[PDB]
């Protein structure tokens, strides 16, 4: 009888449940709350996780999605979380510039197609991406597939003077350089995500330098990103 527990208390223990990464328990309490009509408990927990930039939010959503609770992700989480986990075509839009992430037309080096924010285009099939979930080591990571080119996003192994790594599309996952993790954030009314490389733990960002073409190169950033989602974070929209 969850009716007999204050709502504030129900929020807290689900939230604690997620933050300590106890996912069977969070999924179990969630299935029960939803059942008894208490969905706002869940929605409040989700908003708290997003505001506090809680990485465990992603594991939470993904577990809900795998464990027969697609209904919960759909109802208590912003539409982004359904696009991620249903693996729908998305666009990745960099909050600071409003630029859409894409791969270059021309294959440069073994490196594959340099990635960058497109100075103009937010509509062509070049800008469509898929995020493909995997569970390992009690965490959730994603491969980021560019759908037109069928190439995966990665951080090159070399650095520039500042320790930043270029981002490219390549044909092959051999390594953690092709896998990423997400941290949710709230800006204005947006749900935004910091997007981190699994090998280097650096955030995917767009350079401040505009190319002669109007494009800005995509890098893994050597420096602090958190606390600045309008500079470092990505919004996710349906393609």
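Positions refer to the first chain, counted from 1.
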{"item": "Average Cα temperature factor in the PDB entry - higher stretch of 182 to 190, 44 to 52", "value": "182 to 190"}
{"item": "Greater mean Cα temperature factor according to the PDB record, 209 to 217 or 60 to 68", "value": "209 to 217"}
{"item": "Most elevated Cα B-factor in the entry, residues 139, 96, 82, 143", "value": "96"}
{"item": "Maximum C-alpha temperature factor, selected from 101, 90, 153, 107", "value": "107"}
{"item": "Chain third (lowest, middle, highest) by recorded CA B-factor, residue given as residue 197", "value": "lowest"}
{"item": "Residue 126 by Cα B-factor - lowest, middle or highest third of the modelled chain", "value": "middle"}
{"item": "Chain-relative CA temperature factor third for residue 33", "value": "highest"}
{"item": "Third assignment of residue 236 from its chain's C-alpha B-factors", "value": "middle"}
{"item": "Chain thirds of CA B-factor: placement of residue 173", "value": "highest"}
